[PDB]
Amino acid sequence: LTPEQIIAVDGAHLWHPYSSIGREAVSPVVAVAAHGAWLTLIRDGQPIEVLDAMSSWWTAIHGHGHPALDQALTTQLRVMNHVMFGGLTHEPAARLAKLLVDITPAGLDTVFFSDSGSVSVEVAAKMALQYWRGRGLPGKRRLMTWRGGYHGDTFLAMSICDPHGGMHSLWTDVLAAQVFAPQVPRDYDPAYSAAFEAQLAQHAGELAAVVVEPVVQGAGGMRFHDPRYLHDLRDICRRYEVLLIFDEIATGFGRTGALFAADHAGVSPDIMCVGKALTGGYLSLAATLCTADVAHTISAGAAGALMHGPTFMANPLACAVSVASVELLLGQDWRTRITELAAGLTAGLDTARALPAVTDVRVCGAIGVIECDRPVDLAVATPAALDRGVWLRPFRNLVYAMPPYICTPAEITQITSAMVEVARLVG
Amino acid sequence: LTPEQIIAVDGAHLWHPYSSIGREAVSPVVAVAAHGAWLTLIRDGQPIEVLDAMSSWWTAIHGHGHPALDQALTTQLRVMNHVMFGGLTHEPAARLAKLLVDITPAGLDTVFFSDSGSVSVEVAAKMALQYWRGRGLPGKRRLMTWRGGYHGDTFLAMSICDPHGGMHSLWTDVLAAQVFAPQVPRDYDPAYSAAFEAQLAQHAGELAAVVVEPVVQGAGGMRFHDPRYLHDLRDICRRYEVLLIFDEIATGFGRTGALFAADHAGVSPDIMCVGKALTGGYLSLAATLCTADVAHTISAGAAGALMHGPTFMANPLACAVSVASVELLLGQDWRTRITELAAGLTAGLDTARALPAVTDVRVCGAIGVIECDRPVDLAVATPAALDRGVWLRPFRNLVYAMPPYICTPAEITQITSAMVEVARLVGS
Ligand SMILES: Cc1ncc(COP(=O)(O)O)c(C/N=N/c2nc3ccccc3s2)c1O
Ligand SMILES: Cc1ncc(COP(=O)(O)O)c(C/N=N/c2nc3ccccc3s2)c1O
C-alpha cells in the first residue's frame, strides 16, 4: 500500500480513537517508520522526520527500535511466541513478576498480568471487591475517587472517570454510581484532606476502595497535586479500613521523576495498576499488583480464586520486551536523566508564561504542560507543530509533551519551541 | 532462571487465571519452548515435547514459530514497532482492516481495533448502546443472550456470562442484570426460537442488542448448536429492532469449518467481535466490526464520537503478524484442511462413546469434545496425557481439543488417544 492507498482504506474502514466515522475534522497522517525519538510521517506526499514528543501516548520511554528491546523480542520469538497461562508458567513471566515486585512500592508481592490498562483497572476493582467478600463484608462494593480522574474506557473504569467534565460524562446514567470527592488542588491544603476523610467516613461501610491517579492526573487535565495528599489518603484508608488503589498506568517507570509516582510520598497502596511504559511501547501489556494480605484473603474466601484470566495472559513476547525495558531503565542513572529532561522542559517552556493565551506552565519530571485560556484547535496546532519538526497532539485547552527519555537537550529545545509557537498561535 | 527458580518465583508472585495464590494446589508446569504443534515442558526436571492439543486456547492455528509469521513480525519490527493511533494511521492497520472487511460476513464495513477479546466485547456493547442513543432511544440499554455463554472477564462482559454458571452467584448482585434465554439446544427445534422471540418481545423497548457465540459455545461448556438458530436470531432482531452481535472470538478464522461460524447460517450480524486466532496466537489483538448503518448512526448522533481508545490500539506489530496469519490461512485450501481434521477427530474419539463414564462425544470442524458424567480429576488426567506426549487441560466434566491446523493425521491420532485414555480413567 502507498500512503494514498492507506489514507483511502483508512477513511473507508478504520475507526480511530475517540472519533466519528466519516466526519472527523482532521484526516490521519500516514506514519511509515519510527526510530529513536523520531517518526517518519508523510506530508503532502513527502516523508518528513518529526520528534515523537508524546512518546506514542506515554509508551516509548526508550524511543522506538532500541537495539536492546528489538533483541529481547527477536530472542524470545526464536524460543516461544506464546503459551496459555492455565497450568503452565514460563521464564518471561517469572523474570517480569520478580522485577515488578522488587521495584514497586513495598509490600506489593503478587502480580496479575493482563492485556491493557483498562483491563488492569477492572482486575484491581475485582481484587478489591473479592477481598471484602472474602472478609464476609460484601456491602463494601462501591469505589471512591476525587474529581478530574480517568482510568480507561471499559464500563467499570468509566464509572470512576470525572462525571461532569470527563470524557464519559454522557454515560453516567448506565454506570455504577461511585463516590466523588472534589477536584484535588495543586497546593497542599489540610482542609481538603479533612473534607475527603469526612466524606469517606460517611460511606466507609459501603466502600471497597479509594482509587486515584497519584500526583499526576492525565486525561482529566494533566493536573499535578502535592504528594502529601497521598500520605493523607494512605492514613485515611488505613484508619477506615478502605483499600487504597493507585493507578500508575500513566505515571509509572520514571515518568514523574520518581520510579513510581507513589514514591514521591513514600506510600504503598494495597493494589496498583501499571501498563504503557511497562513494555517500552512495543506491545500491549498491563499488570495489577496487590499485597500478600489481599491475595490470601481473596484465596481463602468462598470463591477460593480470583475470577479472572485473559487469553493472552502473561504473553511471553510482551513479557520478554517488558523485562528488557525495565532492565534498560534500571541499568542507567534514570533519575539524573529525568531531572535533566525536566530542567530542559522548564527552561524551554518558560517564555510561554508571558503569552496572552497561556494561563499556566507546569512541569513534573518528564511531563511538560502549557495550559491555555481556550480549547486548542488541532487544525491549527497540528500543521504548526509539524512545520517545526514535532508531532504534538493537544487536547482540551492543553499543549503538552511527555518525551522519550533518550531525547537530547537539543531535541527537548526543539520540542519546547514547537509547543511555545503552538501556544502563540492559539492566542 | 532455571526451571526450579521459575517455580519458586511463580509460587511466590504470580497469579494464574482463575486461581489462588499459595493454595495451588499442583504447581504449574514450566514451558521452555514452543515450535509448530509442540510445546517443550519440564516434567520432573526433564524437558519433554508434547502436542498443543488446545492450540494455546484457540490461538495457535498455524502452530508456534511458523516461519511466515515470525518473518512478518521481524520485518515490521525493523521499520516501526508502534505509533499512537490518535491522528496517525499506518500500513499494517490498513492492510488488516481491508482483509477483515473482505472476509467477514457481508456488510461489516468498519473496524475498531482493541487489545483483547473482553475489550472488543465492551466496545461492541458501547456501539450498540450509543447506536440507540443516536436514534433517541436511550432506554434501549440492556443486553439479551442465551445461557451457556462466555464473553470474557471485565464487568460488562461478565454480565452476559452464563450465571448458573461460568462464574456467577458471587457477582450477580453487583453486575448489570441482563436478559437470559434458556440454554440453546444442540438439535434444531423451532419452538425454542419462538420462545426466545416471545421473551425478547416483552423486553424489546429496553434492549440494545442480542449477544451470542454463533454455533459453538466455548468456555461455558464446549457446546454446539444448530446454525439455523442464528438465522432465527437475525430475523427476530430485524423485526423487533434489536441489534445482533456475534462474538466470534473463539469460532473465527476457519475453526468450525467455515471462515466464520456465521457463514454456516449465511447471516450477518450488525456487530462482530474477533480475536485469538486473528494474530496466529503471537500477540494480543482483537477487533469489533460493525455495519455502515451502525457506524453512521453513532457518528450522526448528538454524542458524536465513540469515546474509546486503548493505548496500543491498532499496534503495528500485532497488526503485521495478523495480516500474515490471515493471508497464510486464505492462501491454502483451509476448508479441506479443517474437514480432514474433523475426520481425524471423529475417527479417534469414536472409541470413547462406549466408555462407562462418557455421556457424549461431539466434533465440529477442528474441535473435539468428550463429555463425562462427573468432574475430571486433573491429578489423574495430567500424568495420563503427558505420558502420551499431549498437553490436555480438562475442565468440569469435559475433555477437549482444538488442535493447530498444521497437525498431521498421526498427531491427531496421538491427541485423540490421549483424550480417550483420560475418559477411560474417569470411569474406573
Ligand atoms: C491512568 C490511566 N488509567 C487507565 C488507562 C487506560 O489504559 P488503556 O486506554 O486501556 O490502554 C489510562 C489510559 N490513558 N491513556 C491516556 N492517553 C492520553 C493521551 C493524551 C492525554 C492524556 C492521556 S491518558 C490511564 O491514563
Ligand atoms: C467467545 C469469547 N469471547 C470473549 C473472550 C474474552 O477474551 P479475552 O480472554 O479477554 O482475551 C473469550 C475468551 N475465551 N477464552 C477461552 N479459553 C478457553 C479455553 C478452553 C475452552 C474454552 C475456552 S474460551 C471468548 O471465548
# chains A, B, ... in the order shown; residues from 1 in each chain; ligands from 1
call {"tool": "residues_near_ligand", "arguments": {"ligand": "ligand 2", "cutoff": "7 Å", "atoms": "only C-alpha atoms and all ligand atoms", "output": "PyMOL selection string"}}
result
(chain A and resi 309-312) or (chain B and resi 57+116-119+121+150-153+213+218-219+222+247-250+276)
call {"tool": "write_last_selection", "arguments": {"atoms": "N, CA, C and O atoms", "output": "mmCIF file, in the first residue's frame"}}
result
data_model
loop_
_atom_site.group_PDB
_atom_site.id
_atom_site.type_symbol
_atom_site.label_atom_id
_atom_site.label_comp_id
_atom_site.auth_asym_id
_atom_site.auth_seq_id
_atom_site.Cartn_x
_atom_site.Cartn_y
_atom_site.Cartn_z
ATOM 1 N N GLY A 309 -9.001 -14.160 34.060
ATOM 2 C CA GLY A 309 -7.927 -14.795 33.323
ATOM 3 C C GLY A 309 -8.020 -14.608 31.829
ATOM 4 O O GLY A 309 -8.667 -15.405 31.150
ATOM 5 N N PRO A 310 -7.368 -13.561 31.306
ATOM 6 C CA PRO A 310 -7.375 -13.226 29.878
ATOM 7 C C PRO A 310 -6.661 -14.257 28.997
ATOM 8 O O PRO A 310 -5.711 -14.899 29.454
ATOM 9 N N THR A 311 -7.094 -14.382 27.734
ATOM 10 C CA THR A 311 -6.496 -15.339 26.759
ATOM 11 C C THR A 311 -4.977 -15.300 26.673
ATOM 12 O O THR A 311 -4.310 -16.332 26.857
ATOM 13 N N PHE A 312 -4.438 -14.123 26.373
ATOM 14 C CA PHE A 312 -3.005 -13.937 26.188
ATOM 15 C C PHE A 312 -2.314 -13.499 27.462
ATOM 16 O O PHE A 312 -1.255 -12.882 27.414
ATOM 17 N N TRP B 57 -5.288 -22.335 23.811
ATOM 18 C CA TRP B 57 -6.631 -21.741 23.880
ATOM 19 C C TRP B 57 -7.100 -21.059 22.622
ATOM 20 O O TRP B 57 -7.425 -19.869 22.650
ATOM 21 N N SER B 116 -7.842 -6.956 23.435
ATOM 22 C CA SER B 116 -8.255 -8.258 23.956
ATOM 23 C C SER B 116 -9.719 -8.525 23.653
ATOM 24 O O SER B 116 -10.477 -7.614 23.308
ATOM 25 N N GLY B 117 -10.095 -9.785 23.811
ATOM 26 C CA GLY B 117 -11.437 -10.228 23.499
ATOM 27 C C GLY B 117 -12.438 -9.529 24.404
ATOM 28 O O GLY B 117 -13.457 -9.037 23.918
ATOM 29 N N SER B 118 -12.127 -9.414 25.696
ATOM 30 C CA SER B 118 -13.096 -8.812 26.625
ATOM 31 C C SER B 118 -13.320 -7.365 26.232
ATOM 32 O O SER B 118 -14.440 -6.883 26.287
ATOM 33 N N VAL B 119 -12.247 -6.672 25.844
ATOM 34 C CA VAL B 119 -12.383 -5.272 25.456
ATOM 35 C C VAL B 119 -13.222 -5.150 24.190
ATOM 36 O O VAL B 119 -14.029 -4.247 24.098
ATOM 37 N N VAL B 121 -15.602 -6.940 23.222
ATOM 38 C CA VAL B 121 -16.984 -7.176 23.656
ATOM 39 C C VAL B 121 -17.538 -5.888 24.283
ATOM 40 O O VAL B 121 -18.664 -5.527 23.989
ATOM 41 N N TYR B 150 -20.089 -17.374 27.175
ATOM 42 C CA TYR B 150 -18.953 -16.725 27.836
ATOM 43 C C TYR B 150 -18.424 -15.667 26.896
ATOM 44 O O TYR B 150 -18.270 -15.932 25.693
ATOM 45 N N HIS B 151 -18.130 -14.486 27.447
ATOM 46 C CA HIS B 151 -17.741 -13.321 26.628
ATOM 47 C C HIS B 151 -16.611 -12.528 27.247
ATOM 48 O O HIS B 151 -16.301 -11.409 26.806
ATOM 49 N N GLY B 152 -15.979 -13.104 28.259
ATOM 50 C CA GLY B 152 -14.781 -12.508 28.892
ATOM 51 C C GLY B 152 -15.023 -12.098 30.332
ATOM 52 O O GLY B 152 -16.096 -12.372 30.885
ATOM 53 N N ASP B 153 -14.042 -11.403 30.924
ATOM 54 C CA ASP B 153 -13.945 -11.234 32.387
ATOM 55 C C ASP B 153 -14.063 -9.801 32.925
ATOM 56 O O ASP B 153 -14.101 -9.596 34.145
ATOM 57 N N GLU B 213 -22.450 -16.284 21.124
ATOM 58 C CA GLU B 213 -21.410 -17.026 20.381
ATOM 59 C C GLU B 213 -22.130 -17.882 19.325
ATOM 60 O O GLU B 213 -22.956 -18.718 19.693
ATOM 61 N N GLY B 218 -17.914 -21.843 23.805
ATOM 62 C CA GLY B 218 -16.604 -22.315 24.268
ATOM 63 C C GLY B 218 -16.489 -22.542 25.766
ATOM 64 O O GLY B 218 -16.741 -23.643 26.270
ATOM 65 N N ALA B 219 -16.105 -21.497 26.493
ATOM 66 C CA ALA B 219 -15.746 -21.645 27.916
ATOM 67 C C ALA B 219 -16.926 -22.039 28.774
ATOM 68 O O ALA B 219 -16.758 -22.548 29.886
ATOM 69 N N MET B 222 -18.302 -25.927 25.913
ATOM 70 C CA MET B 222 -17.899 -26.574 24.653
ATOM 71 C C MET B 222 -19.105 -27.260 23.996
ATOM 72 O O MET B 222 -19.036 -28.431 23.619
ATOM 73 N N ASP B 247 -20.211 -12.873 18.784
ATOM 74 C CA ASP B 247 -18.891 -12.899 19.404
ATOM 75 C C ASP B 247 -18.175 -14.088 18.813
ATOM 76 O O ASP B 247 -18.412 -15.227 19.225
ATOM 77 N N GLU B 248 -17.316 -13.835 17.825
ATOM 78 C CA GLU B 248 -16.593 -14.917 17.149
ATOM 79 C C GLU B 248 -15.140 -14.984 17.597
ATOM 80 O O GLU B 248 -14.267 -15.433 16.853
ATOM 81 N N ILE B 249 -14.881 -14.550 18.826
ATOM 82 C CA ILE B 249 -13.526 -14.584 19.364
ATOM 83 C C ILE B 249 -12.926 -16.004 19.401
ATOM 84 O O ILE B 249 -11.738 -16.177 19.147
ATOM 85 N N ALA B 250 -13.744 -17.016 19.682
ATOM 86 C CA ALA B 250 -13.262 -18.396 19.648
ATOM 87 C C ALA B 250 -13.550 -19.134 18.333
ATOM 88 O O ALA B 250 -12.778 -20.009 17.935
ATOM 89 N N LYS B 276 -8.153 -13.774 19.241
ATOM 90 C CA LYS B 276 -7.443 -15.068 19.410
ATOM 91 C C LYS B 276 -6.623 -15.501 18.182
ATOM 92 O O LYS B 276 -5.451 -15.078 18.021
#
call {"tool": "interface_residues", "arguments": {"of": "chain A", "to": "chain B", "cutoff": "6 Å", "atoms": "only C-alpha atoms", "output": "VMD selection string"}}
result
chain A and resid 6 9 to 10 13 to 15 17 to 21 28 to 31 33 to 34 56 79 to 84 86 to 90 94 109 to 112 153 282 284 299 305 to 309 312
call {"tool": "closest_atom_pairs", "arguments": {"of": "chain A", "to": "ligand 1", "cutoff": "10 Å", "atoms": "only C-alpha atoms and all ligand atoms", "output": "JSON lines"}}
result
{"residue": "A:17", "atom": "CA", "partner": "ligand 1", "partner_atom_place_in_ligand_line": "9 (O)", "distance": 9.6}
{"residue": "A:54", "atom": "CA", "partner": "ligand 1", "partner_atom_place_in_ligand_line": "20 (C)", "distance": 8.2}
{"residue": "A:56", "atom": "CA", "partner": "ligand 1", "partner_atom_place_in_ligand_line": "19 (C)", "distance": 8.9}
{"residue": "A:57", "atom": "CA", "partner": "ligand 1", "partner_atom_place_in_ligand_line": "19 (C)", "distance": 5.5}
{"residue": "A:58", "atom": "CA", "partner": "ligand 1", "partner_atom_place_in_ligand_line": "17 (N)", "distance": 7.4}
{"residue": "A:59", "atom": "CA", "partner": "ligand 1", "partner_atom_place_in_ligand_line": "15 (N)", "distance": 9.7}
{"residue": "A:115", "atom": "CA", "partner": "ligand 1", "partner_atom_place_in_ligand_line": "10 (O)", "distance": 8.5}
{"residue": "A:116", "atom": "CA", "partner": "ligand 1", "partner_atom_place_in_ligand_line": "10 (O)", "distance": 4.8}
{"residue": "A:117", "atom": "CA", "partner": "ligand 1", "partner_atom_place_in_ligand_line": "7 (O)", "distance": 3.4}
{"residue": "A:118", "atom": "CA", "partner": "ligand 1", "partner_atom_place_in_ligand_line": "10 (O)", "distance": 3.6}
{"residue": "A:119", "atom": "CA", "partner": "ligand 1", "partner_atom_place_in_ligand_line": "10 (O)", "distance": 6.4}
{"residue": "A:120", "atom": "CA", "partner": "ligand 1", "partner_atom_place_in_ligand_line": "4 (C)", "distance": 7.9}
{"residue": "A:121", "atom": "CA", "partner": "ligand 1", "partner_atom_place_in_ligand_line": "4 (C)", "distance": 6.5}
{"residue": "A:122", "atom": "CA", "partner": "ligand 1", "partner_atom_place_in_ligand_line": "4 (C)", "distance": 9.7}
{"residue": "A:149", "atom": "CA", "partner": "ligand 1", "partner_atom_place_in_ligand_line": "1 (C)", "distance": 7.7}
{"residue": "A:150", "atom": "CA", "partner": "ligand 1", "partner_atom_place_in_ligand_line": "1 (C)", "distance": 5.7}
{"residue": "A:151", "atom": "CA", "partner": "ligand 1", "partner_atom_place_in_ligand_line": "3 (N)", "distance": 3.6}
{"residue": "A:152", "atom": "CA", "partner": "ligand 1", "partner_atom_place_in_ligand_line": "6 (C)", "distance": 3.7}
{"residue": "A:153", "atom": "CA", "partner": "ligand 1", "partner_atom_place_in_ligand_line": "9 (O)", "distance": 6.4}
{"residue": "A:154", "atom": "CA", "partner": "ligand 1", "partner_atom_place_in_ligand_line": "10 (O)", "distance": 7.6}
{"residue": "A:157", "atom": "CA", "partner": "ligand 1", "partner_atom_place_in_ligand_line": "4 (C)", "distance": 7.7}
{"residue": "A:158", "atom": "CA", "partner": "ligand 1", "partner_atom_place_in_ligand_line": "4 (C)", "distance": 9.7}
{"residue": "A:161", "atom": "CA", "partner": "ligand 1", "partner_atom_place_in_ligand_line": "3 (N)", "distance": 9.6}
{"residue": "A:212", "atom": "CA", "partner": "ligand 1", "partner_atom_place_in_ligand_line": "1 (C)", "distance": 8.2}
{"residue": "A:213", "atom": "CA", "partner": "ligand 1", "partner_atom_place_in_ligand_line": "1 (C)", "distance": 5.8}
{"residue": "A:214", "atom": "CA", "partner": "ligand 1", "partner_atom_place_in_ligand_line": "1 (C)", "distance": 8.9}
{"residue": "A:216", "atom": "CA", "partner": "ligand 1", "partner_atom_place_in_ligand_line": "1 (C)", "distance": 8.7}
{"residue": "A:217", "atom": "CA", "partner": "ligand 1", "partner_atom_place_in_ligand_line": "1 (C)", "distance": 7.1}
{"residue": "A:218", "atom": "CA", "partner": "ligand 1", "partner_atom_place_in_ligand_line": "22 (C)", "distance": 4.6}
{"residue": "A:219", "atom": "CA", "partner": "ligand 1", "partner_atom_place_in_ligand_line": "22 (C)", "distance": 3.6}
{"residue": "A:220", "atom": "CA", "partner": "ligand 1", "partner_atom_place_in_ligand_line": "22 (C)", "distance": 7.2}
{"residue": "A:221", "atom": "CA", "partner": "ligand 1", "partner_atom_place_in_ligand_line": "22 (C)", "distance": 7.5}
{"residue": "A:222", "atom": "CA", "partner": "ligand 1", "partner_atom_place_in_ligand_line": "22 (C)", "distance": 7.0}
{"residue": "A:246", "atom": "CA", "partner": "ligand 1", "partner_atom_place_in_ligand_line": "1 (C)", "distance": 8.9}
{"residue": "A:247", "atom": "CA", "partner": "ligand 1", "partner_atom_place_in_ligand_line": "1 (C)", "distance": 5.5}
{"residue": "A:248", "atom": "CA", "partner": "ligand 1", "partner_atom_place_in_ligand_line": "1 (C)", "distance": 6.0}
{"residue": "A:249", "atom": "CA", "partner": "ligand 1", "partner_atom_place_in_ligand_line": "2 (C)", "distance": 4.9}
{"residue": "A:250", "atom": "CA", "partner": "ligand 1", "partner_atom_place_in_ligand_line": "26 (O)", "distance": 4.7}
{"residue": "A:251", "atom": "CA", "partner": "ligand 1", "partner_atom_place_in_ligand_line": "1 (C)", "distance": 7.4}
{"residue": "A:252", "atom": "CA", "partner": "ligand 1", "partner_atom_place_in_ligand_line": "1 (C)", "distance": 9.7}
{"residue": "A:273", "atom": "CA", "partner": "ligand 1", "partner_atom_place_in_ligand_line": "3 (N)", "distance": 7.8}
{"residue": "A:274", "atom": "CA", "partner": "ligand 1", "partner_atom_place_in_ligand_line": "3 (N)", "distance": 8.2}
{"residue": "A:275", "atom": "CA", "partner": "ligand 1", "partner_atom_place_in_ligand_line": "7 (O)", "distance": 7.3}
{"residue": "A:276", "atom": "CA", "partner": "ligand 1", "partner_atom_place_in_ligand_line": "11 (O)", "distance": 6.9}
{"residue": "A:284", "atom": "CA", "partner": "ligand 1", "partner_atom_place_in_ligand_line": "11 (O)", "distance": 8.0}
{"residue": "A:285", "atom": "CA", "partner": "ligand 1", "partner_atom_place_in_ligand_line": "11 (O)", "distance": 8.8}
{"residue": "A:286", "atom": "CA", "partner": "ligand 1", "partner_atom_place_in_ligand_line": "11 (O)", "distance": 8.4}
{"residue": "A:393", "atom": "CA", "partner": "ligand 1", "partner_atom_place_in_ligand_line": "20 (C)", "distance": 7.6}
{"residue": "A:394", "atom": "CA", "partner": "ligand 1", "partner_atom_place_in_ligand_line": "20 (C)", "distance": 7.6}
{"residue": "A:395", "atom": "CA", "partner": "ligand 1", "partner_atom_place_in_ligand_line": "21 (C)", "distance": 6.7}
{"residue": "A:396", "atom": "CA", "partner": "ligand 1", "partner_atom_place_in_ligand_line": "21 (C)", "distance": 9.1}
{"residue": "A:398", "atom": "CA", "partner": "ligand 1", "partner_atom_place_in_ligand_line": "21 (C)", "distance": 8.9}
{"residue": "A:399", "atom": "CA", "partner": "ligand 1", "partner_atom_place_in_ligand_line": "21 (C)", "distance": 9.6}
{"residue": "A:400", "atom": "CA", "partner": "ligand 1", "partner_atom_place_in_ligand_line": "21 (C)", "distance": 8.2}
{"residue": "A:401", "atom": "CA", "partner": "ligand 1", "partner_atom_place_in_ligand_line": "21 (C)", "distance": 9.3}
{"residue": "A:402", "atom": "CA", "partner": "ligand 1", "partner_atom_place_in_ligand_line": "21 (C)", "distance": 9.6}
call {"tool": "atom_distance", "arguments": {"atom1": "atom CA of residue B:261", "atom2": "atom CA of residue B:146"}}
result
16.9 Å
call {"tool": "select_by_dssp", "arguments": {"residues": "stretch 89-307 of chain A", "states": "strand (DSSP E or B)", "output": "number ranges by chain"}}
result
A: 89, 108-114, 142-146, 179-181, 207-212, 216-217, 223-224, 243-247, 271-274, 286-291
call {"tool": "write_last_selection", "arguments": {"atoms": "C-alpha atoms", "output": "tab-separated table (two decimals), in the first residue's frame"}}
result
chain	number	residue	atom	x	y	z
A	89	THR	CA	4.31	-20.87	33.59
A	108	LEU	CA	3.16	-5.35	46.51
A	109	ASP	CA	4.08	-9.04	46.36
A	110	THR	CA	1.72	-10.54	43.75
A	111	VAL	CA	1.30	-9.79	40.04
A	112	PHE	CA	-1.70	-10.43	37.78
A	113	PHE	CA	-0.87	-9.82	34.08
A	114	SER	CA	-3.50	-8.62	31.58
A	142	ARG	CA	-18.50	0.97	45.98
A	143	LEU	CA	-15.42	2.89	44.88
A	144	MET	CA	-14.38	6.39	45.89
A	145	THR	CA	-12.22	8.81	43.97
A	146	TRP	CA	-11.64	12.52	43.50
A	179	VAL	CA	-18.39	8.33	45.37
A	180	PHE	CA	-16.63	11.53	44.20
A	181	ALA	CA	-14.69	14.00	46.32
A	207	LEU	CA	-16.64	1.33	50.17
A	208	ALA	CA	-14.29	-1.35	48.84
A	209	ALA	CA	-11.55	1.07	47.85
A	210	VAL	CA	-10.31	4.56	47.07
A	211	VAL	CA	-8.87	4.59	43.53
A	212	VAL	CA	-6.80	7.57	42.31
A	216	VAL	CA	-0.48	13.38	38.02
A	217	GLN	CA	-3.98	13.21	36.61
A	223	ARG	CA	-3.08	18.37	36.58
A	224	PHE	CA	-0.46	17.92	39.31
A	243	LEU	CA	-8.38	-0.41	50.42
A	244	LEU	CA	-6.20	2.07	48.51
A	245	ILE	CA	-5.60	1.56	44.79
A	246	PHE	CA	-3.10	3.65	42.80
A	247	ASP	CA	-3.49	3.68	39.08
A	271	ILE	CA	-3.38	-2.56	44.87
A	272	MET	CA	-1.53	-0.96	41.94
A	273	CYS	CA	-2.04	-0.85	38.16
A	274	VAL	CA	0.76	-0.42	35.64
A	286	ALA	CA	-0.52	-4.34	31.80
A	287	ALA	CA	-0.24	-5.64	35.36
A	288	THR	CA	-2.17	-5.32	38.62
A	289	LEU	CA	-0.14	-5.84	41.80
A	290	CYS	CA	-1.52	-6.47	45.27
A	291	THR	CA	-0.28	-7.23	48.76
call {"tool": "residues_around", "arguments": {"residues": "residue B:366", "least_positions_apart": "3", "cutoff": "9 Å", "atoms": "only C-alpha atoms", "output": "PyMOL selection string"}}
result
chain B and resi 254-257+338-343+345+363+401-405
call {"tool": "write_last_selection", "arguments": {"atoms": "C-alpha atoms", "output": "PDB file, in the first residue's frame"}}
result
ATOM      1  CA  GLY B 254     -11.919 -21.345   9.988  1.00  0.00           C
ATOM      2  CA  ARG B 255     -12.136 -23.205  13.334  1.00  0.00           C
ATOM      3  CA  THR B 256     -15.714 -24.554  12.890  1.00  0.00           C
ATOM      4  CA  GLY B 257     -15.294 -25.466   9.194  1.00  0.00           C
ATOM      5  CA  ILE B 338     -10.443 -28.499   8.595  1.00  0.00           C
ATOM      6  CA  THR B 339     -12.595 -31.229   7.024  1.00  0.00           C
ATOM      7  CA  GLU B 340      -9.649 -33.650   7.400  1.00  0.00           C
ATOM      8  CA  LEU B 341      -9.068 -32.542  10.986  1.00  0.00           C
ATOM      9  CA  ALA B 342     -12.784 -33.054  11.764  1.00  0.00           C
ATOM     10  CA  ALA B 343     -12.455 -36.515  10.163  1.00  0.00           C
ATOM     11  CA  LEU B 345     -11.043 -36.211  15.482  1.00  0.00           C
ATOM     12  CA  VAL B 363     -16.978 -32.854  16.834  1.00  0.00           C
ATOM     13  CA  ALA B 401      -9.043 -30.369  21.948  1.00  0.00           C
ATOM     14  CA  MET B 402      -8.895 -27.563  19.376  1.00  0.00           C
ATOM     15  CA  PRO B 403      -5.670 -28.548  17.630  1.00  0.00           C
ATOM     16  CA  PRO B 404      -3.402 -26.471  15.348  1.00  0.00           C
ATOM     17  CA  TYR B 405      -4.487 -26.645  11.693  1.00  0.00           C
TER      18      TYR B 405
END
call {"tool": "residues_around", "arguments": {"residues": "residue A:326", "least_positions_apart": "4", "cutoff": "12 Å", "atoms": "only C-alpha atoms", "output": "mmCIF file with C-alpha atoms, in the first residue's frame"}}
result
data_model
loop_
_atom_site.group_PDB
_atom_site.id
_atom_site.type_symbol
_atom_site.label_atom_id
_atom_site.label_comp_id
_atom_site.auth_asym_id
_atom_site.auth_seq_id
_atom_site.Cartn_x
_atom_site.Cartn_y
_atom_site.Cartn_z
ATOM 1 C CA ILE A 61 10.301 5.741 27.022
ATOM 2 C CA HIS A 62 13.489 4.377 25.367
ATOM 3 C CA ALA A 68 18.092 -3.951 23.481
ATOM 4 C CA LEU A 69 14.312 -4.199 23.108
ATOM 5 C CA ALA A 72 14.823 -9.153 23.606
ATOM 6 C CA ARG A 95 11.509 -12.617 35.381
ATOM 7 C CA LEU A 96 8.987 -9.801 34.907
ATOM 8 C CA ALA A 97 6.995 -10.583 38.073
ATOM 9 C CA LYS A 98 10.206 -10.606 40.128
ATOM 10 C CA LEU A 99 11.295 -7.268 38.629
ATOM 11 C CA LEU A 100 7.892 -5.642 39.246
ATOM 12 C CA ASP A 102 11.170 -5.622 43.543
ATOM 13 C CA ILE A 103 10.748 -2.080 42.170
ATOM 14 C CA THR A 104 7.152 -1.176 43.096
ATOM 15 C CA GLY A 252 4.942 4.606 36.164
ATOM 16 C CA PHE A 253 8.537 3.824 35.192
ATOM 17 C CA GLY A 254 10.213 7.141 35.974
ATOM 18 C CA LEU A 259 10.314 5.365 39.713
ATOM 19 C CA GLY A 275 0.995 -0.507 31.817
ATOM 20 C CA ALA A 277 5.773 2.425 29.562
ATOM 21 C CA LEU A 278 5.921 -1.121 31.041
ATOM 22 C CA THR A 279 6.590 -2.573 27.566
ATOM 23 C CA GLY A 280 8.742 0.314 26.280
ATOM 24 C CA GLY A 281 5.885 0.955 23.879
ATOM 25 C CA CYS A 319 6.756 -10.087 28.970
ATOM 26 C CA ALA A 320 10.167 -10.526 27.338
ATOM 27 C CA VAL A 321 10.271 -6.998 25.840
ATOM 28 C CA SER A 322 9.000 -5.554 29.161
ATOM 29 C CA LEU A 330 17.137 0.337 35.975
ATOM 30 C CA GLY A 331 20.597 -0.167 34.439
ATOM 31 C CA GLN A 332 21.206 3.562 33.792
ATOM 32 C CA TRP A 334 17.425 7.230 35.039
#
call {"tool": "residues_around", "arguments": {"residues": "residue A:346", "least_positions_apart": "6", "cutoff": "10 Å", "atoms": "only C-alpha atoms", "output": "list in words"}}
result
residues 340, 361, 362, 363, 364, 365, 366, 367, 368, 369 and 416 of chain A
call {"tool": "atom_distance", "arguments": {"atom1": "atom CA of residue B:385", "atom2": "atom CA of residue B:418"}}
result
5.3 Å
